[PDB]
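**Q** pasting the first chains of the complex, positions unchanged:
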Amino acid sequence: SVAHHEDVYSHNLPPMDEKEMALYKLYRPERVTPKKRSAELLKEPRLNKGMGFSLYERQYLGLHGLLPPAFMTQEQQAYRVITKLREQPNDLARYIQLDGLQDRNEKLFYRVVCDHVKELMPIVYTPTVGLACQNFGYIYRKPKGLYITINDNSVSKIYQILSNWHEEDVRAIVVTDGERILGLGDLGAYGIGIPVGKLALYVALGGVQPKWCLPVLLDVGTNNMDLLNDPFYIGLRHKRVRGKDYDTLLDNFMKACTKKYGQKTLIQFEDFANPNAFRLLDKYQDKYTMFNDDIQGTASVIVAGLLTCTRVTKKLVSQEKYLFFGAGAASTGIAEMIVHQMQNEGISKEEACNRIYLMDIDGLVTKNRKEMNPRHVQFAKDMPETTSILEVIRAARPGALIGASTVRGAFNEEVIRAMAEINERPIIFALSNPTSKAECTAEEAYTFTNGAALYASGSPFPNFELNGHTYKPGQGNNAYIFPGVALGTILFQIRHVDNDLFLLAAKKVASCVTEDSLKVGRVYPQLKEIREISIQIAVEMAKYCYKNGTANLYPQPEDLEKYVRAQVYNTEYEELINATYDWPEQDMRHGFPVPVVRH
């Protein structure tokens, strides 16, 4: 136990100024002792260290004899997981393994996932998670999410469901109705893995506290005819409900969630069907602490890449011209975001939209159009209708070409050749996923540009080498934005997340691209730097929000960066046994303070 003149768990600390010491004590995480013992404790992911538990810890907590007689450090444990991970037959087996790990030892999980983020991020989420939902069907696991259906339609019924969740301090919810699982379509009740995976990244990459996370899946039926014929499907068996009832369910859901955990609860929508996703985002954006990653996340990730490219094309975003091959969700969102930015660059919403050209399945988006999207309207151009990329490239001679259209190789040798001709360093983004859907590859983009192009894709491509120079193409991964945006929104209790905040994030991501990463064609920082980036974004979001009064955390912390670093998740094993401390010897005595005569 600690001396009477010392504080608890304040050993071996860095030299500190009296004022510095107080701030540290005020911000630092405090020890939390669990109520469970023995097997009940070993089965709690958040507490279980497995063989990482020392012998004293085991005897004290009633764990001794329940674990094999071997003792391990967390590094050794992480080693064992990594080894076994790489011996798995395929990516799906690794997914199943990691999911099991998250349910067994949460500290080890995030330890492993954070140490090999590049190697495992596509397993934990990216493309493997959806493949798992589709191929395994119902996956055995501990209750790591909630299923709320169209038959639980009311504030009370959903409130009771949330009440069955084991944590009371929920501050971040990721929801999906599983109608549009990224690159697979309507998977219904099988989509529960998506919210789980996303939240896993919030923690791994954002530093968000795991106890604050809740995966939710809304089941209003499914339109995937296979599932409805599948005798194993475990979701509601009928096509999707879409009337007012669907609208009411979501309304009651947002209400129930905030009624239970408070209005500041961050609710993020995932994999909704495009149309719904945009509507829903528009309906709740200013009424709740909500945001849709597929839409705003994408927009922000790309703009951050374009903003980083700015440092090479020596041309400001407002001094550039963009040509989007594809006019769907991704492209449309990225455009509107590029516009906002331009206006914040001392320009009008006239010369802004006039600098962006969109091409859809029916060629260029001109004005003589019939039945076009209201969002495309402000981008339509008063020029000749055409379906040729090259022709559009020649007419407007854009500064950057962005691909967000299903079409593979839609960016042929000629198109790449043209872009180089008109620009010393042409920006070419092949976003379509997976790589087999890419408008063009890294190799193609570099070679057909003699190595001058600025390339970025949605999926990972191998590093290319041209004329003695090496190139390491990047990826416009949403994971660069949402983690940080989520962290900052939570720690400072931002009432609403607007485009400006996403823009701030993009600018932050761009600012973190090193000069070395830029000398290798990388317009995106390294994935392993997302935790530090997230912290930086959180601090930046704070300054900006306390300035315009939208941050609810009162009062504004003295030192923002220090407060944030003290709030983020720590993969290291913590002490679970109360810290003891002495009192002045005289006051710790057992017995009558003043003598009496015995009866």
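**A** Received, thanks. Numbering: from 1, shown residues only, chains lettered A, B, ... in the order given.
**Q** Verify the assumption that residue A:586 is located in a strand.
**A** No: Residue A:586: not assigned to a strand; according to DSSP: H, G, I helix; E, B strand; the rest coil it is helix.
**Q** I'd like to know how far it sits from residue A:211.
**A** 41 Å (C-beta to C-beta, to the nearest Å). Placement of C-beta: from N, CA and C, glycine included.
**Q** more crowded one of the two?
**A** More crowded of residue A:586 and residue A:211, by other C-beta atoms under 10 Å: residue A:211, with 16 against 7.
**Q** Report the buried residues of the helix or strand hosting residue A:40.
**A** Counting by DSSP states H and E, the element that carries residue A:40 is helix A:38-42. Across helix A:38-42, burial judged by 16 or more other C-beta atoms under 10 Å covers A:41-42.
**Q** and if you look at stretch A:162-179?
**A** A:162, A:170-179.
**Q** Among these, name the ones in strands.
**A** A:172-176 (DSSP state E).
**Q** quick one: which of those is nearest to residue A:563?
**A** residue A:172 (18.2 Å; C-beta to C-beta).
**Q** Could you grab the helix/strand/coil label for the closest residue to residue A:147 other than its chain neighbours?
**A** Once flanking residues are discounted, residue A:147 sits nearest to residue A:217: 5.4 Å by C-beta to C-beta, 6 or more residues apart in numbering. Following three-state DSSP, residue A:217 is assigned to strand.
**Q** dump the residue contacts of residue A:217.
**A** A:145-148, A:175-178, A:189, A:191-192, A:194-195 (C-beta atoms under 8 Å, 6 or more residues apart in numbering).
**Q** I'd like to know how far it sits from residue A:529.
**A** 32 Å.
**Q** Another chain to add, chain B:
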Amino acid sequence: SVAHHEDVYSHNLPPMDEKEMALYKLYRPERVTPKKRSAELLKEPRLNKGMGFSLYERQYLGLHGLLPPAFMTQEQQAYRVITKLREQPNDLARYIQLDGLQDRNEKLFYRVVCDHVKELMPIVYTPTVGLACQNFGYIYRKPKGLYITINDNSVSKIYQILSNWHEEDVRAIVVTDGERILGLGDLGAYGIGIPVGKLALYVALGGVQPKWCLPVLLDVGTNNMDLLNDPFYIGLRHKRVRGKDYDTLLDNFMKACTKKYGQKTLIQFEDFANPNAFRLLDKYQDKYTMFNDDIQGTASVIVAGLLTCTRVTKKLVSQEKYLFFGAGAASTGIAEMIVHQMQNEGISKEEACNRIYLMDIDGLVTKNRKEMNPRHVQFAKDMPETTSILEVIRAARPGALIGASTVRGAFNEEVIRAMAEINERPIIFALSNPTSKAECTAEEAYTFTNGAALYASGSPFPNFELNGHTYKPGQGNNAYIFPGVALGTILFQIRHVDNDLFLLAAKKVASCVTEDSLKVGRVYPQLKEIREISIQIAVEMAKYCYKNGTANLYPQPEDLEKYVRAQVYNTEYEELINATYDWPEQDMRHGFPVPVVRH
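**A** Take a look at chain B, now in place beside the chains above:
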């Protein structure tokens, strides 16, 4: 179970407009099912109904056989408590009984205390609680409060203590170092009953949720020499610590409390030694959600009585002159508050203070003074020094005489006679407690004024009858203010409680005095109306705070009064068994949805 087209616990409801229905569902309290069974449940005050549990409830929750085979309604139970209460030998025995009831059946407790508020308020708190601390010494009871000592001096040590408290959603803390227990002095560690009692009133009179309340006692030693000689005293055995250490303890305490439950946590100081109480209030008032009832509560209660008297003396507070016999905490605070009010009445801080005269043990407070309190300075008058009340009454001919000085009968027949002569209806307040310390009695004040005086006292006096007219003198009980101020501060998360808010409260209390109560000499509403008054004050505090942006609850509720009524405590027994509800018959079926051939 409920039908598939119905909602849970939505039976027999008042006719509602679709829009009205939604608001109701959004605000209404939701059912909460407990995790404990059998004896563990019976021992939980917040869940235990005793024989109020029906037979079905008993069998379901594993309670059957643990309670006698008799079934009771809550009214019958309340009846039994009341009967037994009145058969007790003295007030102390009743206190002990009620304390035991609070630890056995919380619903029944507040049911009983609320139904007979006039008869039991002085038992639960007012004067009996302090007598109990002093006479019983250590009182056996369940752990209903926390002891934090000078030997637990650090954010972490206090954090760990708060962590041992069974509730995580604490929103209201009442603390005391027990140095100045009202009318008894330094009682040290024995003062734990004070915070407990005060919080009990928050709930009984304010409608504050009991689960949000936490009684705390700071033990820095004691100067009461008897206790230090008492072989039974259970507090730290040494005189009070007062250096920087005392200052640090309180600093770490406010930090630890907000670090644990959040910055919005209402922390109210109780029974601190006058000097400390004022300093501490000044140091934290603008840094935390804090307030000191003895100081601000008093000030506000009295001003509310003076404001109600305004409706008779047809003279505004700023069109009146006050003479305080006594210049201590109570009087000084009430003065400064009367000033604030006057300034809000279109006047300056010159003509304001000039309308208030203060008398202390050394006579009138003039200017030729030596070593006087800095707060008295602005009230000192440039007139002749004197010790005669009558003489001061004659010179300034005040409109109201307020007594807040130990001296019994300090308001003699002549003094009362004088006040009547100079004023058609003279305001005379005898605040000193108990009645045996009153500057004068109700009988005295009425008779010696032919029944024209406006009297109010700190302690309860019997109703008097003069010349065929009946009078029911009131009491300037703090309980009229703090409950409501606490409720509103909590529900709307007001960042800081300022004088304006207390003034708003006083004006509210005054506004609730009926015309009948005014025709009987009552300048204070009935004690049984404090719950409704508290709600009214909460709503008023909301409007005012959303207007100047100090209310943190976001967003401002649509209907303030409805939101508040849905938040207040309800003494009625609630259901503890989950509500069940049907799903569409087809979706509730057990079995393969699509036939398969058996293996």
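**Q** one step back: moving along the chain from the helix holding residue A:40, name the first helix or strand you hit.
**A** helix A:55-60.
**Q** got the CA coordinates for that next one in PDB?
**A** Written as PDB, here are the backbone C-alpha positions of helix A:55-60 (Å, rounded to 0.1, in the frame of the first residue of the first chain):
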ATOM      1  CA  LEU A  55      -0.700 -15.600 -10.200                       C
ATOM      2  CA  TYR A  56      -1.500 -13.000  -7.500                       C
ATOM      3  CA  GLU A  57      -4.300 -11.600  -9.600                       C
ATOM      4  CA  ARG A  58      -5.800 -15.100 -10.100                       C
ATOM      5  CA  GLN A  59      -5.800 -16.100  -6.400                       C
ATOM      6  CA  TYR A  60      -7.200 -12.700  -5.400                       C
END
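**Q** re earlier: which residues touch the helix holding residue A:40?
**A** A:34, A:47-48, A:50, A:61-63, A:66-67 (C-beta atoms under 8 Å, 6 or more residues apart in numbering or on different chains).
**Q** Show the buried residues in those residues.
**A** A:47-48, A:50, A:61, A:63, A:67 (16 or more other C-beta atoms under 10 Å in any protein chain shown).
**Q** Looking at these, spot the one nearest chain B.
**A** Using C-beta to the nearest C-beta, residue A:47 is the member of the buried ones among the contacts of helix A:38-42 that sits closest to chain B, with 15.6 Å.
**Q** quick one: contacts for that closest one?
**A** Shown in contact with residue A:47 (C-beta under 8 Å, 6+ apart): A:34, A:36, A:41, A:576.
**Q** What does residue A:581 show for phi and psi?
**A** Main-chain dihedrals, residue A:581, degrees, to the nearest 10: phi -160, psi 140.
**Q** add one more, call it chain C:
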Amino acid sequence: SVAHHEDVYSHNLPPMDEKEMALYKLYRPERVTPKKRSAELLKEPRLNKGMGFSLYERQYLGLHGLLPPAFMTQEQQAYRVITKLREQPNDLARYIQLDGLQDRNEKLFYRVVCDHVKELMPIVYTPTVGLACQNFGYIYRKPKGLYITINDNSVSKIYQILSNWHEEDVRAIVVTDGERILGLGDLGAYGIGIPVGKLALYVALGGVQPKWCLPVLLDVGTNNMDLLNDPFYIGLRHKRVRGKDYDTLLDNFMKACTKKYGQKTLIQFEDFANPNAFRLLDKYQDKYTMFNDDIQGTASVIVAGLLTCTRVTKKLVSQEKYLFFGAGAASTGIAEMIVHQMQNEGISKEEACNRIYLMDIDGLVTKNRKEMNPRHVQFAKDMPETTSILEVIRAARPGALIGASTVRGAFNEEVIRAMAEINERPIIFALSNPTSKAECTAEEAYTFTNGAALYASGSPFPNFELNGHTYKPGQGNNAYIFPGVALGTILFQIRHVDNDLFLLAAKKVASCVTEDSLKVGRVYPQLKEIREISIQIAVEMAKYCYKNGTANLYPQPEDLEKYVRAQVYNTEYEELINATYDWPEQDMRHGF
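**A** One more chain to add, chain C, which I have set with the ones above:
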């Protein structure tokens, strides 16, 4: 933590030989770490030490800040308890404070009761408990008993009620229907305090573990019209059911208890109407591990009193003649127990029964009787019909006179004088309770005898000095027997408790009466010696039961006494935190 070559909690142990150490480790109580923390732990009487918890314990168990900042020893806490106790206005108030203590800190409760046994026994049980039930009505307390009614009449319905109890290892149950609470009658559902009190003595006096105890009250209604008319009564508001339903409820109760806790579960009946007491005992005696203290306990304690008298009358129990004034449940029981004792001494059931003279309200018991009790018959004498005791004392000139009949001062100077005349040291027992109803006081017994009488009563009498010689008459308190009989039955899983065992208990109590206590005229051991007496009784019971194969505990423990002492309750606080110990330095290392 302990060294790798040391066992846990084995420091400062007495010198022991290899084998002695082994048997000590095999028998010793092991530490048991609780699962509750903070307020939940403080609210468990069996774990709560209150302020006796040290600062470290408080920080470890999450209790710090929940208790005041003082730290006490158990002794210092007992002191505070006794002080408050003696300051109480009356015994009833002392009862209420003790009941609250049992529900607050169990170890302290027993430390206090065990230290001041003679002072508190009558508060915890004896006479005050019945008064508390009658006067207070429903008393506020933690759930410390179970109510089973005529409406929960099925093996399953009772099983579910027993399943609501907080301990699974129940081994002793004391049940009552409250019809005949000693000295007060029918108090219905208010009678739950009796079982609670009886079990409290099981622990305090017998050493029985508290967690094994389960108090129960069967509510089948009440005939106490005042309770039925009282709007504050909390029991079934109707009279007592007695049909096949009652007997069915009792049969289901016995089945449910043994199905739930095992056939070995000891079930003791208390304060039942005499007819039900006897009928039920006769019915379950050899079917379950059961007994009724009022019947057998009484019978046993009194015989132990007589046996002790033998040492002074140089006359064997069989070489004596007894005269019972009053032939109710008490006398008839003692008679039959005495008989059983005579037979085990070599004689037959002939001289035995011919050595006992019974009298009821209608004078002596003459064979010319009409409508008499079946149990009585075998004691009925073929002599003249008289009503005067003197006329009976003078006729059969008995060596002992035993009073068990409401009548106060039934033994007048002429009655006693006649005994002193016929016997050098006449045996005079006035059992009727309370004192104000005693057949005759001690001052009377000794005076009208010239300090030559061997006297005892059911209620206490101050010490009496006569001619320089002091006298300290004893009480025939059932507490000398049931605690030990219970301890022994439980620890060794004795299938059935019969006369032989109670007699055995009787002989052990008698043998513990010192010579000095005998010179002062006290024929019963000191009350403070009951715990040791209980332990010796269990040992003796074990020896007897293993020999006749009625002890189910397998195998017979090696050292009966060491085993017993290792099992009895210990009032001292125990460590609640796990003992830690090292492994070889190399086997604790973390890492590859």
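**Q** again for the buried residues of helix A:38-42, since chain C is there now?
**A** A:38, A:41-42.
**Q** Chain C: which of these is nearest?
**A** Within these, the smallest distance to chain C is 8.5 Å, found for residue A:38 (C-beta to the nearest C-beta).
**Q** Relative to residue A:253, how far out is that closest one?
**A** With C-beta to C-beta as the criterion, residue A:38 and residue A:253 are 38 Å apart.
**Q** likewise residue A:334?
**A** From residue A:334 to residue A:253 the distance is 29 Å (C-beta to C-beta).
**Q** which one of those two has more residues nearby?
**A** residue A:334 (27 against 21; other C-beta atoms under 10 Å in any protein chain shown).
**Q** That one against residue A:304, yeah?
**A** No: using C-beta atoms under 8 Å, residue A:334 is not in contact with residue A:304, being 10.6 Å away.
**Q** OK, contacts around the residue lying closest to residue A:327 once chain neighbours are set aside?
**A** Nearest residue to residue A:327, sequence neighbours excluded (C-beta to C-beta, 6 or more residues apart in numbering or on different chains): residue A:360, at 3.8 Å. When contacts are counted by C-beta under 8 Å, 6+ apart, residue A:360 touches A:326-328, A:376.
**Q** Just the buried residues of the helix or strand containing residue A:305, please?
**A** If you go by DSSP H and E, residue A:305 is part of helix A:298-313. Within helix A:298-313, the residues scored as buried using 16+ other C-beta under 10 Å are A:298-310, A:313.
**Q** now, the most widely separated pair of the residues you listed?
**A** Most distant of the buried residues of helix A:298-313, by C-beta to C-beta, are A:298 and A:313, 21.7 Å apart.
**Q** Quick check: the residue nearest to residue A:327 vs residue A:563, distance?
**A** Residue A:360 is 46 Å from residue A:563, by C-beta to C-beta.
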